[PDB]
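The basis for the numbers below is simple: all heavy atoms, side chains too, and nothing from hydrogens, waters or symmetry mates. Ligands are counted one by one from 1 in listed order, and the atoms in each one are counted from 1 as well. The sequence lines fix the lettering, A, B, ..., with proteins before strands; numbering per chain opens at 1.
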Amino acid sequence: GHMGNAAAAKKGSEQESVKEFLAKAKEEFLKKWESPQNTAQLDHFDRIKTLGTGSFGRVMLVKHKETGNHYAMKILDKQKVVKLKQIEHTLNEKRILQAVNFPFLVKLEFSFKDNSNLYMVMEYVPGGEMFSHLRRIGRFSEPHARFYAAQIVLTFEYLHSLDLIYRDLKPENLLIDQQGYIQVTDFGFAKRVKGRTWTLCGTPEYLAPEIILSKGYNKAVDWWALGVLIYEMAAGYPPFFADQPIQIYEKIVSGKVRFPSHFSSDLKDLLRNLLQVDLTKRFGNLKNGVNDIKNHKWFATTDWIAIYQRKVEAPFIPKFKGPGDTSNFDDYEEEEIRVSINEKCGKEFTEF
Amino acid sequence: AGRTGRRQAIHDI
Ligand SMILES: NC(=[NH2+])c1ccsc1
């Protein structure tokens with residue numbers, strides 16, 4: 001076979017340890033999922049700088065006045081969160097983040113709300129977004145991309161074992177920490193799902209075809225998105241690339257993908273099996289589950305346990321000038337935080 | 001030709 005006796009026995013034992021780990025991880029998750037609120041207030045923090053902005057608010061660097069610790073504070077304008085699925089999704093985000101625990105998932109520290117806004121305060125990751133490093137360097141070498149991909153594979157294996165689908169994988173959502181490892185943030189589209197779910201949501205370049213086609217879909221959409229991420233990391237641009245979303249969607253559904261001439265044959269084989277329109281054939285969705293990915297030739301040099309334990313030397317260590325350094329983030333327009341005299345949307349966000 | 005800047009996710013397409 002491809003493996004000798006010693007190699008196959010070790011791998012089998014390793015897979016059984018994974019099952020042992022995931023069983024314990026689920027027990028700890030469920031305890032927090034059933035018993036999740038209001039762990040601080042706005043005036044406990046000094047606002048420093050806006051680190052990112054999107055439709056419904058911003059992420060800011062803040063400094064905790066009492067302890068001097070720095071945090072990333074996400075601010076959601078309760079009114080701007082007006083759309084039906086915008087609302088449910090915000091409750092998903094907070095409840096998932098307060099219950100998970102994994103070395104590549106950002107840690108939530110406080111959450112609270114006032115008359116105008118919802119707030120989630122999490123660990124500050126000063127190395128910046130993968131997105132900006134990727135655009136600056138152009139593309140990552142295959143060993144470099146592989147190091148990051150392995151972390152996503154393990155993170156999705158963890159999430160999916162808890163019946164969580166992530167649904168918004170992309171470089172914009174992946175922060176680089178001081179050791180060069182990944183921190184997945186932005187759980188705004190994550191959802192606990194026992195079978196299928198139906199919401200049309202995500203980022204166009206990363207949408208699986210079954211989402212675009214309005215099918216009930218499952219966790220396999222995350223393995224498709226992994227294929228898009230690996231391609232983008234190794235090429236510098238995503239596989240389905242056009243100016244307007246409708247053109248992106250047509251390319252996604254076609255069942256066609258072209259690869260740069262510098263892609264290794266091992267990489268193309270992996271990506272063909274991840275970017276597979278047929279769900280009966282997509283890696284991660286077969287009888288052997290995630291092991292079809294972990295045991296792929298392109299990952300043959302990957303020490304899965306060593307990645308999880310953070311024993312592998314990272315390919316890139318971001319520059320850090322000290323606590324509160326924002327040099328690895330882009331600049332954004334600053335807008336003061338105005339809190340209304342009157343509560344908005346009190347009933348909608350009772351559970352937050 | 002495609003989008004090179006940060007990409008916003010859509011909550012309800
Ligand atoms: N949550 C994010 N995407 C983010 C971006 C810059 S700092 C945090």
Side-chain angles (χ1 to χ4, degrees), chain A residues 45-54 57-62 64 69-77 81 86 89-90 92-93 95-98 100 102 104-111 117-136 148 151-152 155 159 166-177 180-190 201-206 225 228-229 232-233 316 318 322-332 334, chain B residues 3-11:
Chain A
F45 305 90
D46 282 295
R47 265 77 68 198
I48 309 305
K49 192 177 199 308
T50 290
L51 304 171
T53 59
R58 48 178 63 239
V59 177
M60 306 191 70
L61 178 65
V62 302
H64 188 262
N69 292 128
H70 287 92
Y71 298 97
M73 184 176 84
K74 185 179 198 169
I75 305 165
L76 294 65
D77 192 332
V81 182
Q86 291 169 355
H89 287 176
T90 299
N92 290 333
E93 181 175 14
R95 188 176 174 186
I96 291 169
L97 273 180
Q98 62 83 33
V100 293
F102 202 67
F104 313 127
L105 294 181
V106 71
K107 283 158 173 62
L108 179 75
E109 294 279 334
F110 317 93
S111 68
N117 300 317
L118 313 167
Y119 305 88
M120 290 169 277
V121 181
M122 52 210 57
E123 185 156 283
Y124 178 49
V125 189
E129 305 176 354
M130 179 192 293
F131 177 89
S132 56
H133 295 288
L134 181 53
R135 289 291 179 275
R136 184 179 301 111
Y148 295 148
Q151 294 170 63
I152 301 301
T155 299
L159 290 179
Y166 179 67
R167 295 201 294 194
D168 196 23
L169 190 69
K170 54 178 168 185
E172 293 93 318
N173 280 5
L174 306 175
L175 307 171
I176 311 302
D177 70 23
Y181 281 73
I182 287 181
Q183 293 266 295
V184 183
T185 177
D186 290 337
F187 273 69
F189 297 71
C201 61
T203 301
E205 287 84 343
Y206 281 77
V228 181
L229 179 74
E232 182 168 341
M233 287 192 294
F316 165 65
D325 176 14
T326 59
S327 63
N328 292 310
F329 293 90
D330 290 336
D331 298 327
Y332 296 86
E334 304 286 347
Chain B
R3 310 194 288 177
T4 59
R6 294 187 171 81
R7 293 156 298 199
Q8 303 296 125
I10 312 164
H11 281 281

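Close approach of ligand 1 to A:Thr185 is summarised as follows: ligand atoms under 4.0 Å from at least one heavy atom of the residue are 1 (N), 2 (C). Below 4.0 Å from some heavy atom of A:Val59 lie the following atoms of ligand 1, by number and element: 1 (N), 8 (C). Per-residue contacts place A:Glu172 under 4.0 angstrom from the following atoms of ligand 1 (heavy atoms of the residue considered): 3 (N).
In this structure, A:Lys170 contributes its side chain and B:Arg7 its backbone to a donor-acceptor pair below 3.5 Å. With hydrogens and angles ignored, the 3.5 Å screen pairs no side-chain donor or acceptor of B:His11 with any backbone N or O of A:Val81.
Between A:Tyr166 and A:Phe187, the gap from one ring centroid to the other is short of 6.0 Å.
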Step-by-step salt bridge (charged side-chain N to carboxylate O under 4.0 Å, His left out) determination, A:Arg47 to A:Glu334: CA-CA 11 Å; A:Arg47 265 77 68 198; A:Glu334 304 286 347; over 6 Å; no
Residues A:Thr326, A:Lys49; criterion side-chain hydrogen bond (donor to acceptor under 3.5 Å, both in side chains); working and verdict: CA-CA 8 Å; A:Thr326 59; A:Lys49 192 177 199 308; 5.1 Å; no
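For ligand 1, none of its N or O atoms has an N or O atom of A:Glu129 under 3.5 Å away.
With a 4.0 Å heavy-atom cut-off, ligand 1 is reached by the side chain of A:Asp186 but not by its N, CA, C or O.
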